[PDB]
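Enquirer: Kindly generate the corresponding structure for this input.
(one chain, ligands or ions: 3)
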Amino acid sequence: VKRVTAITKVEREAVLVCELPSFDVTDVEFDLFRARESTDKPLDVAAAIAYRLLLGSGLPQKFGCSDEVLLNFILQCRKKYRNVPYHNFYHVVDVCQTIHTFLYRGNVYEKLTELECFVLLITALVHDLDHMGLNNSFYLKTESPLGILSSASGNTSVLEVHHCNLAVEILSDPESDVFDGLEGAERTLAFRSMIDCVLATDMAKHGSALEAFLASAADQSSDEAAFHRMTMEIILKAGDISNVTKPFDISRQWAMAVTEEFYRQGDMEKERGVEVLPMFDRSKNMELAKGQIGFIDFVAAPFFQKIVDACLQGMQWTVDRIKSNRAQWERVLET
Ligand SMILES: COc1ccc(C2=NN(C(C)C)C(=O)[C@@H]3CC=CC[C@H]23)cc1-c1ccc(C(=O)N2CC[C@@H](O)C2)cc1
Ligand SMILES: [Mg+2]
Ligand SMILES: [Zn+2]
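Expert: Residues are numbered from 1 along each chain as shown. Ligands and ions are numbered 1, 2, ... in the order given. Coordinates below:
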C-alpha cells in the first residue's frame, strides 16, 4: 500500500502511436494473437487495446478518470506481469476485452449499474498481478515461503490475496488512481467490489460462487445488492475461463500456453519431492484434445449453460461456440 515508480512521457507515447487499423476491439471474433504478431512491440499494442477499449466505453469519462491517469494505470499493471507462458499481460487484456463483449454484445450491462461496469473492466486488468505460473496448491504442498505465510495467516487463497495487495499498491499513487474521481461511499464500493471479484477467481471457490449466483438470480428482488455483487463475481469468472468460447484456432493457442504452465508446475513439484497429479505430469500425456474435452465437460460447458439459462440469455453464443469447439477436438480424437 505505497508508491511505485512514475510512468514517463516516453512510455505513454509508445502506446499512443499504435494504430490498429483492420481490428475491432469490441467484436467477439477479435484475435489478440494476430494483433500481437502485427508489430515488433506486442506489449505496446496490448496496452493500446486496453486503452482504446476503456476510453471507447465512455466509463472513465463518466467517473472522473482522465485519459492520462487511465494510461498510467494500464502501464503500472503491465510492469507487474511476468514473462510466464500464460498468466501474463496478454491474458489480462484478453479477459478485459472478453468482459466488454459480455457486457455490450451479450447485454449483461442491463443487469448492472454503470459504476459496476467500470469497476469490472478495471478489475480484469489487476486480477492476476505478479502471477508466477504456479497455483495455490503448489505453495501449500511444498512449504514455499508464501505458503507458510498463508498457513500462519489463515487464508488459503495465496495468489488472489497477493493480486489484491498489488492492486491497492498501484491505486495508492494519485497519478494512476482510476477511482480518485469517486466520492465517499462510491469509492468504498469500488474497492470492496474489486477485492471481492478478485478473491472469487480462486477455483477452489468455483462451486460455491456458482451456487450463490444461481440462488440470487432465482429471486433477484428479494435482495438486489446480493444479485449485483454475485453477477460481478460471475462475469469476472466467465472472462477468466472464456478461452473455450473463442474461434477454434484462437482457443487452441490459449490451450497450448496454459498446458505448458501446468507441466512446469509438475516439474517443480517433482524436484521438491512431492508426488504429482498426472494432469500436471509431462510423462503421462500426449495431445491436447482429451484435456480440452475434459475441461469443457467438467468445468466450462455446465458453468456457461447454467448462467445463461438462469438469466444471462444474451450470452447464448458462448454455449454454441463451446459445443462447436468440443466437436472439433472430438474429431481429432476419433481420427
Ligand atoms: C483452456 O485450458 C484451460 C483453461 C483454464 C484452466 C484452469 N484450470 N484451473 C482449474 C480448473 C484446475 C485453474 O484453477 C486455472 C486458474 C484460474 C482459472 C482457470 C484455470 C485449465 C485449462 C486446461 C489446461 C490444460 C489442459 C490440458 O489439455 N492438458 C494439461 C496437461 C495435460 O493434461 C493436457 C486442459 C485444460
Ligand atoms: Mg487468477
Ligand atoms: Zn486469470
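Enquirer: The longest helix seen in the chain packs against which elements?
Expert: Ranked by residue count, the top helix of the chain under DSSP state H comes out as helix 248-271. Applying 3 or more CB pairs under 8 Å, 6 or more residues apart in numbering; DSSP states H and E, one finds that helix 248-271 contacts helix 32-37, helix 136-142, helix 289-295, helix 316-334. Any C-beta I mention is one placed from the backbone N, CA and C, and that applies to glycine too.
Enquirer: The same query, at a cut-off of 10 Å, please.
Expert: In terms of contacts (3 or more CB pairs under 10 Å, 6 or more residues apart in numbering; DSSP states H and E), helix 248-271 is packed against helix 32-37, helix 89-104, helix 136-142, helix 289-295, helix 316-334.
Enquirer: mind checking which helix or strand residue 239 is in?
Expert: helix 224-240 (DSSP states H and E).
Enquirer: by contact count, what packs against that helix?
Expert: helix 89-104, helix 114-126, helix 184-199, helix 206-218, helix 301-310.
Enquirer: Give the buried residues for the third one.
Expert: If I follow you right, that is helix 184-199. Within helix 184-199, the residues scored as buried using 16 or more other CB atoms under 10 Å are 189-191, 193-199.
Enquirer: Distance to residue 256 added to these, as TSV?
Expert: Formatted as TSV, the buried residues of helix 184-199 follow (distance: CB to CB, whole Å):
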residue	distance to residue 256
189	39
190	36
191	36
193	33
194	31
195	32
196	32
197	28
198	26
199	29
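Enquirer: if we can go back for a sec, wait, does the longest helix of the chain contact ligand 3?
Expert: No - against ligand 3, helix 248-271 shows no contacts by CB under 5 Å from the ion, the least distance being 9.9 Å.
Enquirer: starting at the chain centroid, how far to the helix or strand where residue 164 lies?
Expert: Per DSSP H and E, residue 164 falls inside helix 158-171. A distance of 14 Å separates the centroid of the chain from that of helix 158-171, by CA atoms, centre = their mean, to the nearest Å.
Enquirer: Would you pull up the residue in the protein closest to ligand 1?
Expert: Distances between the chain and ligand 1 by CB to the nearest ligand atom are smallest at residue 291, namely 2.0 Å.
Enquirer: so that residue touches residue 259, yeah?
Expert: Yes - using CB atoms under 10 Å, residue 291 is in contact with residue 259, at 7.2 Å.
Enquirer: Understood, closing this out.
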